[PDB]
């Protein structure tokens, strides 16, 4: 008679960024070789659930879980609190449910993930007052040099040529003017 609850393997360093989809896998085994169901804004497919031989020791049950931390999820300055502590249960066909097993989802601002590369230099007439065409060229050069930042991020250019990269979660990066623009006359 089966009286042994299933065993759950959880990943340990799940880190996510706001507005960006993440994925990870649970691994569940039972001595009978069969796992009936599990219990946890996180999505996963119940395919191959409650099938004989779906959770052997050779081939554990792999539950691909995916979700997205909300773009505007507040992040405390004490980044050890910027995490979700959640639990997962699982039971076999005999009706033996495992204990509550913890997995941690730590969420961070998008600027923690991205370090923007400097663009090719744009030559301007006045370092203190960029024209509209020069600002367009600055934004295009920053975007072309940074294909790894999301397309939904907004790049703005100030009068002195300073670049502000506002990511979809409203976090920011800054590129100073002397990494972006140069006086046209002093270079000729």
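Residue numbers count along the first chain shown, from 1.
In this entry, residue 40 and residue 41 are separated by 10 or more residues of the deposited sequence that lack coordinates. When the mean C-alpha temperature factors of 78-86 and 106-114 are read from the deposited coordinates, 78-86 comes out higher. The question of which stretch, 12-20 or 167-175, has the higher mean Cα B factor is settled in favour of 12-20.
When the C-alpha B-factors of 133, 68, 146, 50 are ranked from the entry, the top spot goes to 50. Among the modelled residues of its chain, residue 59 has a C-alpha B-factor that falls in the highest third according to the deposited record. Placement of the Cα temperature factor of residue 156 within the chain: lowest third of the modelled residues, per the deposited record. Sort the chain's modelled residues by C-alpha temperature factor and residue 129 lands in the lowest third, per the entry.
Among the modelled residues of its chain, residue 31 has a C-alpha B-factor that falls in the middle third according to the deposited record. When the modelled residues of the chain are ordered by C-alpha B-factor, residue 162 sits in the lowest third.
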